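Working notes, beginning with the structure itself.
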Amino acid sequence: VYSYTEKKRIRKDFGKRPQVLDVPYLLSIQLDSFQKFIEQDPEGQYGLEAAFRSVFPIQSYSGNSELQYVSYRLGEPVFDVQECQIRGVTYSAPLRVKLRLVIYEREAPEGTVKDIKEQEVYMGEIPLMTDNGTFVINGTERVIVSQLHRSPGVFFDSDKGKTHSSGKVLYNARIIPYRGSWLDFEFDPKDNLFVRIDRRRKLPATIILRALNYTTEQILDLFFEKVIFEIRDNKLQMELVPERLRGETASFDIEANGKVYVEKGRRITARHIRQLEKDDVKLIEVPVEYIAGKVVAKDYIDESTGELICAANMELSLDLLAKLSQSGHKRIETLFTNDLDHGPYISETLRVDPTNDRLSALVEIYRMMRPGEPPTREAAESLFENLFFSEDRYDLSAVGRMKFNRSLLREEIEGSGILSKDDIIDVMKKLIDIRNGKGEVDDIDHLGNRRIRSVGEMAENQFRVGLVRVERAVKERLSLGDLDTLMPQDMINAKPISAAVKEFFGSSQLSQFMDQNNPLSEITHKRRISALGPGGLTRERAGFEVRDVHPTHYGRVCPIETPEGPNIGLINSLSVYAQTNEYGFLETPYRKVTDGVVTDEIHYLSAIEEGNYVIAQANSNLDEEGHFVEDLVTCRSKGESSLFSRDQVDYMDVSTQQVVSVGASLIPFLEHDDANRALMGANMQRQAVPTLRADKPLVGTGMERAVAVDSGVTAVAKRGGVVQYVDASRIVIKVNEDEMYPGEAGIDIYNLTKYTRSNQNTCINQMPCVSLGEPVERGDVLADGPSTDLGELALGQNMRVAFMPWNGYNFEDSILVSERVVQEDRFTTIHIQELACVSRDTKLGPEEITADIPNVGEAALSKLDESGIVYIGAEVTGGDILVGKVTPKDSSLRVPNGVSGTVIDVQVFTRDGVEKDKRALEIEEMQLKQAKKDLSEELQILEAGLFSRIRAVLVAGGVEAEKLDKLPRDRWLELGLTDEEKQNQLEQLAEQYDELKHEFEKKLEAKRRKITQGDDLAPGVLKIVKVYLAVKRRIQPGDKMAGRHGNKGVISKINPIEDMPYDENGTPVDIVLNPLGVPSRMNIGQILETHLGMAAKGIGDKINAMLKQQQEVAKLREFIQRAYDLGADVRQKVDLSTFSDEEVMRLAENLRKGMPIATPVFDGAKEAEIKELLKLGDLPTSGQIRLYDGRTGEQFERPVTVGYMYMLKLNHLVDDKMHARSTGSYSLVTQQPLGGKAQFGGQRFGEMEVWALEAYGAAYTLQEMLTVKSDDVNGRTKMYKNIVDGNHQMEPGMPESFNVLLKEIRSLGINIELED
Amino acid sequence: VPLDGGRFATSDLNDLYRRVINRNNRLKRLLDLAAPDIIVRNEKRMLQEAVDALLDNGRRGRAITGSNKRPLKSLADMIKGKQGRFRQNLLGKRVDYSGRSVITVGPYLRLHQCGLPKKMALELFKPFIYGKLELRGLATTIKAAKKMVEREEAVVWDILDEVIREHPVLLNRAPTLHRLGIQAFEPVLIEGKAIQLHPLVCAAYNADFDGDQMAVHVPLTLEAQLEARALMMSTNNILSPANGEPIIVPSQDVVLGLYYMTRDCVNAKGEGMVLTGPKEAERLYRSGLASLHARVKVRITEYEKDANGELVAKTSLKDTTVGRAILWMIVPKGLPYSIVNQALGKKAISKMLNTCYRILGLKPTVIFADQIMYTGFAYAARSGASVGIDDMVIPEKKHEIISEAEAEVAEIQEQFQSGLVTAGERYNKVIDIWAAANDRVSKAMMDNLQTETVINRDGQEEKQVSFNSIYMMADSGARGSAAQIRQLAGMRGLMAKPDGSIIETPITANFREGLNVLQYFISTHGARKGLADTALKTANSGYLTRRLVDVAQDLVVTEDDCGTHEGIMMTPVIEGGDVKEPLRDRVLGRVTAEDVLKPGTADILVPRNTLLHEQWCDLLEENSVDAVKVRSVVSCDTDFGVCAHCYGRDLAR
RNA sequence: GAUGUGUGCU
DNA sequence: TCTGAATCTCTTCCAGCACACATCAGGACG
DNA sequence: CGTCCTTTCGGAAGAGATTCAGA
Ligand SMILES: [Mg+2]
Ligand SMILES: [Zn+2]
């Protein structure tokens, strides 16, 4: 069964496999994040609650005073979204936090308080997010791009290769906190372990182990496992565990209890170890001189005198053995330092360590952190204690603690946010484990290491930064307390919070000006994962391995939609089905596969929970319960695709689209495009400008009805109902009573957004797609947005292409467009642009907007009205006067050069005390009127309902319906009726009616007061005047056109209709593209889309024939059914028998331009089916017809490929790029021509073009390029005079920018001069 | 500078100059008050740091920041770097009398013509227009003429069509990598806003027409016009200065046209008839009485200049097609006939142009290149040489080859299970058999494409090289290769991981079938490798070419002969196999250093100081010498220059 | 006018 | 215990062009 | 308003500066 905007034009679907999970809400990473930041959470995580609870209650220096947080609340904005966009102010909501200040008494640390007091203090006005994930910051629409960075935790990297030039790989454990200091540990080419705090400079890691209050004995206890030597009757045999004998050579005769086992020098085979385990012999004889290479673990003092014989960590020799034996040190503990497995790293590090005790190490750390300062006890102690051990300056967040406890194989994921001694020691232990040979480093680009930090975070962060500034100021201001009088607002200052929030939302690196020139552009701007920004990497210093597409990108990030040039793969785009884990890592869906059955329950697997499983590919043929048709199927196990048995798999991709983004999934026949051309297709399809008259794609993908609905441009029903009144600028839905609330039943009204200006100076303009008296159900479009067609994305037009060379007018990539494509005004676009004129109060008196303009003809002042501003509707051109402004000595606002238009909206703002001008209130009287036109509609419908209730009361209990309507609607209450609770309800209705009139009056007055406010401007100006010209840009030789397959071009001609190639019916081709564009850049998708467009337009032409020479509905029904069934095993299955003989006639009437065809991305049509569909029309199955030359009338002696390609008009217009300049204004300090096209500026003869003039030898062209038409001010006007004197000759001088250099060098202490 | 408002825009120099006078006059006060030694010491240190920040900010410990927490720009920072005075205002600069726009094709121009919008020529040449609205008396002063042009009367045209007549304009394309990226064309005024740009200069410019823009500059003075005409005119540049190779090479549609025309089909509309000249060949093709690919006997008269520069004719009766005789009407007088009596690919017509240049000079070649262009365009359009889906023909043996290779990888898997082969051996064997399978599919599809068309030869039946469209535009070198035609109809091959290690299961499809969801993810690895590469590569080739231009930057040819008996020993380079470069290329156009002794030893074959040339290299090849002492630039004895003999041929002239 | 940010195009 | 060779800091540079926006000492006491 | 005030995804040379290990 189909929706109500579906049995209206239903798109044929060639997809072959069912969709077990439907495309989620597309832009849901923005709305979920903000709804989490702004929400009311009692558990205090995460959100604003988390920020407050993490800063408050804030106490003074134990001054028996404390300011505690009670709650918070978000007031209503003083505007709505549209009024904020119009005025030029943020759409923000004030933040009222209910605080409390409690002060304890003298000798009352836990006792009663002297005074308790509380209030709600306004702190900060935090911007809110619109219904579409955008923010309105200063009247503009912005998008806070999600960020992809390193999740806090421990990361063991290696830096393989490129250090020490010996090919010896180092290793390093970096501990990244969510906020705090870094704690790198790294190895040295001599295998010494150095710590490095905040990247500053190495110093042996045992310095920090000592700073944690550890003695060398305890350190060697921690890191080394001990070998035990025993003083005994003689020869001092050693405690041995056979495992340590793995993989070395015999130092002596290994024997046990007198029997020989291993001979001198022989490599101890594992056989010797296992047989020794069979004998279970631990105490082994040892030569006393072999111990000469070992290191003692624990310090050894004498027993009689107590003098240290050998401290921890010093080698052994026969003399030390003698000193120990004469004392009687029956136990010796040395360090097992294999040369291979258990290397002696901490020993050597201790040998390099200069410090000895705890305080020495603390002082060394202080001398490394704050250089040049004489250390102290307290200074070094407090510094090292605040480095990683204070909740106020360090924070492994929940995520850092989780990744930490996970990378060390600990069990619990919760824990403390600050470090501890065991954390640091275990980090070092795992580092040394990696160095030994067990364990492995982790990559840095695996999508299990990179988080996603979207808007509900970073905003909490900046708010918390502002909050710590506030709490510092309060802590200060709370110690100087003039108590008994301080309300909890004399100390709270909302300048830090508001400044931080404004500086984050308004001017940051992830807070971008929205990309708004079709639905796809903004809906794929909101789902953009930027690796750049504050806290991430940079374009220039980003390697080749950040750009590449890791194998864990499958299903989490698009591989083929990322910009080109400087940042490729730094600006990835979220995939279609991809979600964000509760921690931030990207997770994607996967149908679980039970014993052999592909179940229908889906799990959202992140990137680390996917290298464990073996996941069946997205297209693997099931049989009616989910059994793969074959026994070995393609899958991907651990970032490595391969074949697997049918029974080993345990997940399967949900859809075939889930690998691509939403821009890359609008490309029909993507699987035939080379990924380079598909990348270009995605992008250019994102740049297409909305044309004058939207037009569905004949060859779609089925993802258009989602992209064009989930992006918001369109006016979508909130509650089902029946359309009651449809105007060009409002829709009124009478809600089904099944969906009305108990009280105040009524209707709901949708005010469409008529011709208004988008950020890119284009027209965003809704128009109704419903008709009067027609049912709608929930969530189906009522009005179409810019560049949608019946609630279905439509970025360009379907034009009839012929792939052939045509006299070299489509030579390289060019395009030869017919003249009918520009007669039909089908690529004509609309572009509005606001011009501004501000009246500032300069010196000699302010500047007013009067029309009294001196030294102007009357043709200039002809268009201005009396007030001085132009008439709404005046077709202006280049140079005309738009606003008249006077300078007390004339700075009127005039139309820029060459920009035509028609003035559609003049718009005046004024501060307060400046009275008005007749124009200024006769503007905005229209807003008064148009708000009355809504309030009055509500009032009429509600009073009609009320009087209907009155009459329905007067039809029961003595009906009088004949004489009720005679007397006016006023006194219908006290006719013949009883005095029961029904008459009580009549009196309640009278009082409700009076209350209604009163409340409508008061709400209209509220509207008029919000309208007639004062809208304070920027200081220094009195009144602003904005004038909106509206332009129509027609296609013309020069501006780009594109297809969805990366086949772009530049119109090189608009050929007459009679010169285009025509077929055997005289129908001229609309566009002529080059064939040689297809083979090299292997975007075959455009050719198959051409053939499928021809099939679809053949179907449409058959319907147009069957429907022009009017035929009974039976034939239409049967043919459209034959078109919708069409052959293969598909899932479409439409049944026209359940269409109402009138909803099939409208279906056919919508299919007469061509049946739209869908082709899901990697699940598309096949040539068997394209050719079958061509046969269902009456077109040649080869897709190629025999074209005739338009201008010589003879055949192209070959059949050419003619079809219907969906072309887009990228908004790189040519009348936005053509610029020329002879002389204009020149810069100020370096007297060169100005830059750019707005300033009438000149092209930059760069540094590389000078070398191309030096190469030619052209020494006079170069001299005139850098002297006369450029710096040299004295010989630059002599040239103007010579030129307009009949002379062409230069008297060149010295470039006034060399004298600037001489002065800037001579303004250092450097005497530079010219000789003679 | 006063920003918008009463305020004053920040200037970092004024911030530093105020920070200096503060930790100044204040210190002067303290030295007047005779304050204690330590406070004055700290004030002197603050003065020292203020001066060190004023002169070179940041060379200290921490660069001071004025606002926005960004180190403010000192004196030594407006002198150095890409934004300094040197590289920004004093080595290249913005320029008057110039503009830019988008380039379109214009296949009707001649090599020396560009097409300027009629609205961009009226803005560049504005003073030139005033100087004739004032000289014709059509105006009187500069204000009359200024408004006369502003309202674009119908007389500030052809005045403009005359200030434009023989006044070249330079046309520069954005990265001017070499010097052919600035060439001076004569303007043709066109209606529109796009700068129409002759097709044969796109190669030099490296300019497709997918949306890139050009910049016109106007040579004002008179010597600049004679330089733009005698040095930079796009006609004077038909050889590349980097090597003696041509740079006006017809490409990609002029060659698919000249290939489709000059080609034979073994049967046709008229395959027997004996024509009577090229004109009758055209009269027959145009009437539809013969096929452009027929096999006729034409009677052609070809000129040859075997005399001392004198052209003598020879009329013979050649076996050709109708197309190769229609095309002989544009080939100038002097070139042989077996220059068009083949099937012209890209190399054949680039060699036809390159031999016209060396036999007949420069003017016949500049006229011949336009004729080749127009007549390749005409007969490529006239052929409808399209591309469909039935043209990428999959071999009938692709299924069998791939099944065989699959069975073999399964067999090697069985060998690995039993443990007769380790991991690396298994991997390498699987890679090898999949590479052999890819090769077999490639050969199958290529045989199927090339020799395909079988046609009845008016007898029984016969094979002939095919007229497949995608094969024609691959074989003619027009636009295509074998790797690509093989990724379209053969199999797509073995794709490599991002690090470089080949994935041991190849993409076994192509873009005529479809790629899987996983075969298409495997492809993006090496698709984005080679895009991140070309984005990180321009910023690194530009820096190298800049350091190279700045090292040399002044090697002007300041003498005519230094008289040296030094030189290098040019010998054919050989690494162990085929000759990488013959002696003829490594010694051409250079001046010998010692008289080369013929292997008739003790007889001088060549003198001591002869620039060689083509023919002297031929003569070195006859007597088969294999080591020539040649005068190189690295041995010249001039000072601050290089003698013209120790350099040799100009390579462009 | 300077700087920064961002997008895009080559 | 005087000295050439191997490590350690810190300097400098990293393709060209067009177009949107933002911010301009501002913080604070008088 | 006027007016006074103070962090950390780089690779080469080359120039200290040390270390060293050596007679
Ligand atoms: Mg291009
Ligand atoms: Zn010389």
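Ordering of the structure tokens sets the chain letters (A, B, ...), residue numbers begin anew at 1 in every chain, and ligands are numbered from 1 in the order given.
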
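Running DSSP on the backbone and keeping only strand (DSSP E), the residues of region 12-72 of chain A that qualify are residues 12, 13, 58, 59, 65, 66, 67, 68, 69, 70, 71 and 72 of chain A.
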
Could you turn the residues from that selection into a file that holds C-alpha atoms, as a short mmCIF file (atom, residue, chain, number, x, y, z; two decimals), in the first residue's frame?
data_model
loop_
_atom_site.label_atom_id
_atom_site.label_comp_id
_atom_site.auth_asym_id
_atom_site.auth_seq_id
_atom_site.Cartn_x
_atom_site.Cartn_y
_atom_site.Cartn_z
CA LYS A 12 9.69 2.05 -10.85
CA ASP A 13 12.21 0.21 -8.70
CA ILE A 58 32.18 26.41 44.72
CA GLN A 59 33.67 27.36 48.08
CA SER A 65 30.96 30.48 52.61
CA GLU A 66 29.82 28.43 49.63
CA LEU A 67 27.88 29.12 46.42
CA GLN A 68 25.99 25.98 45.43
CA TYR A 69 24.09 25.12 42.26
CA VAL A 70 20.42 24.23 42.70
CA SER A 71 19.05 23.96 39.16
CA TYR A 72 18.81 25.70 35.80
#

Residues of chain B no more than 9 Å from chain C, counting only C-alpha atoms (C1' of nucleotides): send them over as a compact mmCIF listing (two decimals) with N, CA, C and O atoms, in the first residue's frame.
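Everything below was put into selection29.txt:
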# COMPACT_ATOMS: atom_id res chain seq x y z
N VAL B 1 44.26 52.98 8.86
CA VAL B 1 43.12 53.00 7.95
C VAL B 1 41.83 52.96 8.76
O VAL B 1 41.73 52.16 9.70
N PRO B 2 40.86 53.82 8.47
CA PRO B 2 39.62 53.86 9.26
C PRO B 2 38.66 52.77 8.81
O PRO B 2 38.12 52.81 7.70
N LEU B 3 38.43 51.79 9.68
CA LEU B 3 37.47 50.74 9.39
C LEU B 3 36.06 51.34 9.34
O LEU B 3 35.85 52.52 9.60
N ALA B 9 41.41 50.83 12.35
CA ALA B 9 41.87 49.46 12.15
C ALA B 9 43.24 49.26 12.76
O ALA B 9 44.11 50.13 12.65
N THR B 10 43.43 48.11 13.39
CA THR B 10 44.70 47.82 14.04
C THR B 10 45.82 47.68 13.02
O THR B 10 45.64 47.12 11.93
N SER B 11 46.97 48.23 13.36
CA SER B 11 48.19 48.03 12.59
C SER B 11 49.27 47.57 13.55
O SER B 11 49.53 48.23 14.56
N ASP B 12 49.88 46.42 13.26
CA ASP B 12 50.80 45.82 14.21
C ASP B 12 52.04 46.68 14.41
O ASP B 12 52.62 46.68 15.50
N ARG B 70 47.17 36.13 18.22
CA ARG B 70 47.91 35.85 17.00
C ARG B 70 49.12 36.76 16.95
O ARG B 70 48.98 37.99 17.07
N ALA B 174 46.43 29.70 -15.45
CA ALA B 174 46.77 29.94 -14.05
C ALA B 174 48.11 29.39 -13.61
O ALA B 174 48.99 30.19 -13.28
N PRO B 175 48.36 28.06 -13.57
CA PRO B 175 49.75 27.72 -13.24
C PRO B 175 50.64 27.79 -14.47
O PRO B 175 50.61 26.95 -15.37
N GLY B 211 36.06 24.00 -17.34
CA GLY B 211 35.76 25.07 -16.42
C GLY B 211 36.94 25.89 -15.95
O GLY B 211 36.83 26.58 -14.94
N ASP B 212 38.06 25.83 -16.65
CA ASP B 212 39.19 26.61 -16.20
C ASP B 212 39.24 27.93 -16.94
O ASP B 212 38.66 28.09 -18.00
N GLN B 213 39.94 28.89 -16.35
CA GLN B 213 39.85 30.28 -16.74
C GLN B 213 41.20 30.78 -17.21
O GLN B 213 42.24 30.30 -16.78

Closest-contact table, chain A side, partner chain B, 6 Å, counting only C-alpha atoms, as JSON lines:
{"residue": "A:549", "atom": "CA", "partner": "B:525", "partner_atom": "CA", "distance": 5.8}
{"residue": "A:565", "atom": "CA", "partner": "B:535", "partner_atom": "CA", "distance": 4.7}
{"residue": "A:671", "atom": "CA", "partner": "B:515", "partner_atom": "CA", "distance": 5.3}
{"residue": "A:672", "atom": "CA", "partner": "B:511", "partner_atom": "CA", "distance": 4.4}
{"residue": "A:803", "atom": "CA", "partner": "B:386", "partner_atom": "CA", "distance": 5.4}
{"residue": "A:804", "atom": "CA", "partner": "B:386", "partner_atom": "CA", "distance": 4.8}
{"residue": "A:805", "atom": "CA", "partner": "B:381", "partner_atom": "CA", "distance": 4.9}
{"residue": "A:806", "atom": "CA", "partner": "B:381", "partner_atom": "CA", "distance": 4.6}
{"residue": "A:807", "atom": "CA", "partner": "B:377", "partner_atom": "CA", "distance": 4.9}
{"residue": "A:808", "atom": "CA", "partner": "B:377", "partner_atom": "CA", "distance": 5.6}
{"residue": "A:812", "atom": "CA", "partner": "B:208", "partner_atom": "CA", "distance": 5.6}
{"residue": "A:813", "atom": "CA", "partner": "B:209", "partner_atom": "CA", "distance": 5.4}
{"residue": "A:814", "atom": "CA", "partner": "B:209", "partner_atom": "CA", "distance": 5.7}
{"residue": "A:1038", "atom": "CA", "partner": "B:194", "partner_atom": "CA", "distance": 5.2}
{"residue": "A:1048", "atom": "CA", "partner": "B:210", "partner_atom": "CA", "distance": 5.9}
{"residue": "A:1049", "atom": "CA", "partner": "B:210", "partner_atom": "CA", "distance": 4.3}
{"residue": "A:1050", "atom": "CA", "partner": "B:210", "partner_atom": "CA", "distance": 5.6}
{"residue": "A:1052", "atom": "CA", "partner": "B:104", "partner_atom": "CA", "distance": 5.1}
{"residue": "A:1075", "atom": "CA", "partner": "B:386", "partner_atom": "CA", "distance": 5.4}
{"residue": "A:1076", "atom": "CA", "partner": "B:479", "partner_atom": "CA", "distance": 5.9}
{"residue": "A:1080", "atom": "CA", "partner": "B:480", "partner_atom": "CA", "distance": 4.9}
{"residue": "A:1196", "atom": "CA", "partner": "B:384", "partner_atom": "CA", "distance": 4.8}
{"residue": "A:1197", "atom": "CA", "partner": "B:383", "partner_atom": "CA", "distance": 5.0}
{"residue": "A:1198", "atom": "CA", "partner": "B:384", "partner_atom": "CA", "distance": 5.3}
{"residue": "A:1200", "atom": "CA", "partner": "B:386", "partner_atom": "CA", "distance": 4.9}
{"residue": "A:1201", "atom": "CA", "partner": "B:388", "partner_atom": "CA", "distance": 5.7}
{"residue": "A:1217", "atom": "CA", "partner": "B:101", "partner_atom": "CA", "distance": 5.7}
{"residue": "A:1218", "atom": "CA", "partner": "B:101", "partner_atom": "CA", "distance": 4.4}
{"residue": "A:1219", "atom": "CA", "partner": "B:99", "partner_atom": "CA", "distance": 5.1}
{"residue": "A:1220", "atom": "CA", "partner": "B:99", "partner_atom": "CA", "distance": 3.9}
{"residue": "A:1221", "atom": "CA", "partner": "B:97", "partner_atom": "CA", "distance": 5.4}
{"residue": "A:1222", "atom": "CA", "partner": "B:97", "partner_atom": "CA", "distance": 4.0}
{"residue": "A:1223", "atom": "CA", "partner": "B:96", "partner_atom": "CA", "distance": 5.9}
{"residue": "A:1233", "atom": "CA", "partner": "B:94", "partner_atom": "CA", "distance": 5.7}
{"residue": "A:1242", "atom": "CA", "partner": "B:95", "partner_atom": "CA", "distance": 5.3}
{"residue": "A:1243", "atom": "CA", "partner": "B:94", "partner_atom": "CA", "distance": 5.5}
{"residue": "A:1244", "atom": "CA", "partner": "B:94", "partner_atom": "CA", "distance": 4.0}
{"residue": "A:1245", "atom": "CA", "partner": "B:93", "partner_atom": "CA", "distance": 5.4}
{"residue": "A:1246", "atom": "CA", "partner": "B:92", "partner_atom": "CA", "distance": 4.6}
{"residue": "A:1247", "atom": "CA", "partner": "B:92", "partner_atom": "CA", "distance": 4.5}
{"residue": "A:1248", "atom": "CA", "partner": "B:176", "partner_atom": "CA", "distance": 5.8}
{"residue": "A:1249", "atom": "CA", "partner": "B:176", "partner_atom": "CA", "distance": 5.9}
{"residue": "A:1252", "atom": "CA", "partner": "B:179", "partner_atom": "CA", "distance": 4.2}
{"residue": "A:1258", "atom": "CA", "partner": "B:227", "partner_atom": "CA", "distance": 5.9}
{"residue": "A:1260", "atom": "CA", "partner": "B:224", "partner_atom": "CA", "distance": 5.5}
{"residue": "A:1261", "atom": "CA", "partner": "B:224", "partner_atom": "CA", "distance": 4.6}
{"residue": "A:1269", "atom": "CA", "partner": "B:96", "partner_atom": "CA", "distance": 4.9}
{"residue": "A:1270", "atom": "CA", "partner": "B:95", "partner_atom": "CA", "distance": 5.3}
{"residue": "A:1284", "atom": "CA", "partner": "B:131", "partner_atom": "CA", "distance": 5.1}
{"residue": "A:1288", "atom": "CA", "partner": "B:221", "partner_atom": "CA", "distance": 5.2}
{"residue": "A:1289", "atom": "CA", "partner": "B:221", "partner_atom": "CA", "distance": 6.0}

To check your reading of the model: which residues sit at most 8 Å from ligand 2 when counting only C-alpha atoms (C1' of nucleotides) and all ligand atoms? Write the answer as a list in words.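 The residues within 8 Å of ligand 2, counting only C-alpha atoms (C1' of nucleotides) and all ligand atoms, are residues 560, 561, 562, 563, 564, 631, 632, 633, 635, 636, 637, 638, 642, 643, 644, 645, 646 and 647 of chain B.
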
The selected residues should be written to file as a compact mmCIF listing (two decimals), in the first residue's frame (atoms: N, CA, C and O atoms).
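Result file part.txt:
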# COMPACT_ATOMS: atom_id res chain seq x y z
N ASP B 560 79.90 34.18 -28.55
CA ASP B 560 79.61 33.40 -29.74
C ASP B 560 80.50 32.19 -29.90
O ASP B 560 80.09 31.23 -30.55
N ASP B 561 81.69 32.21 -29.31
CA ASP B 561 82.55 31.04 -29.28
C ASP B 561 83.64 31.29 -28.24
O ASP B 561 84.32 32.31 -28.30
N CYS B 562 83.80 30.36 -27.31
CA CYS B 562 84.82 30.50 -26.29
C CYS B 562 86.13 29.84 -26.67
O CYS B 562 87.11 29.98 -25.93
N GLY B 563 86.18 29.12 -27.79
CA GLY B 563 87.38 28.44 -28.19
C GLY B 563 87.92 27.48 -27.16
O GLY B 563 88.96 27.73 -26.55
N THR B 564 87.21 26.38 -26.93
CA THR B 564 87.68 25.35 -26.02
C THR B 564 87.82 24.03 -26.76
O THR B 564 87.08 23.75 -27.71
N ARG B 631 80.69 19.39 -27.44
CA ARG B 631 80.92 20.55 -26.59
C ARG B 631 79.69 20.79 -25.73
O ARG B 631 78.61 21.07 -26.25
N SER B 632 79.86 20.71 -24.42
CA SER B 632 78.76 20.87 -23.48
C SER B 632 78.88 22.20 -22.77
O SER B 632 79.89 22.90 -22.85
N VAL B 633 77.82 22.55 -22.05
CA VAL B 633 77.77 23.81 -21.34
C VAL B 633 78.62 23.79 -20.09
O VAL B 633 79.08 24.84 -19.65
N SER B 635 81.53 22.77 -19.64
CA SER B 635 82.94 22.94 -19.92
C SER B 635 83.26 24.28 -20.57
O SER B 635 84.41 24.51 -20.95
N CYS B 636 82.27 25.15 -20.73
CA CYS B 636 82.51 26.42 -21.39
C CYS B 636 83.47 27.26 -20.56
O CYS B 636 83.52 27.18 -19.34
N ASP B 637 84.25 28.09 -21.26
CA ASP B 637 85.24 28.93 -20.60
C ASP B 637 84.83 30.39 -20.52
O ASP B 637 85.63 31.20 -20.04
N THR B 638 83.64 30.76 -20.98
CA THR B 638 83.24 32.14 -20.81
C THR B 638 82.95 32.42 -19.34
O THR B 638 82.80 31.52 -18.52
N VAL B 642 77.65 31.92 -21.34
CA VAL B 642 77.86 30.66 -22.03
C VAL B 642 77.96 30.95 -23.52
O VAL B 642 77.12 31.67 -24.07
N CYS B 643 78.98 30.42 -24.17
CA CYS B 643 79.14 30.72 -25.58
C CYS B 643 78.13 29.95 -26.40
O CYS B 643 77.72 28.85 -26.04
N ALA B 644 77.69 30.54 -27.50
CA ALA B 644 76.63 29.95 -28.29
C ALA B 644 77.03 28.61 -28.88
O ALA B 644 76.15 27.83 -29.26
N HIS B 645 78.32 28.33 -28.98
CA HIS B 645 78.75 27.05 -29.54
C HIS B 645 78.80 25.95 -28.50
O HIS B 645 78.52 24.80 -28.82
N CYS B 646 79.12 26.28 -27.26
CA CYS B 646 79.07 25.27 -26.21
C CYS B 646 77.66 25.02 -25.71
O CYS B 646 77.50 24.42 -24.66
N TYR B 647 76.65 25.51 -26.43
CA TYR B 647 75.27 25.16 -26.15
C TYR B 647 74.67 24.37 -27.30
O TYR B 647 74.23 23.23 -27.10

Contact check, chain A to chain C, at most 10 Å, counting only C-alpha atoms (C1' of nucleotides), closest pairs as a tab-separated table:
residue	atom	partner	partner_atom	distance
A:507	CA	C:5	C1'	7.9
A:508	CA	C:5	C1'	7.4
A:509	CA	C:5	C1'	6.4
A:510	CA	C:6	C1'	8.9
A:511	CA	C:6	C1'	9.2
A:512	CA	C:6	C1'	6.5
A:513	CA	C:6	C1'	7.7
A:514	CA	C:7	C1'	9.9
A:515	CA	C:7	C1'	8.5
A:563	CA	C:8	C1'	9.4
A:564	CA	C:8	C1'	9.7
A:565	CA	C:10	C1'	9.5
A:687	CA	C:8	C1'	9.6
A:1212	CA	C:9	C1'	9.1
A:1227	CA	C:1	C1'	8.2
A:1228	CA	C:1	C1'	7.5
A:1229	CA	C:1	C1'	8.4

Assign secondary structure with DSSP using the backbone only, and return the residues of region 1074-1152 of chain A in alpha helix (DSSP H) as a PyMOL selection string. chain A and resi 1077-1080+1085-1108+1113-1125+1145-1150
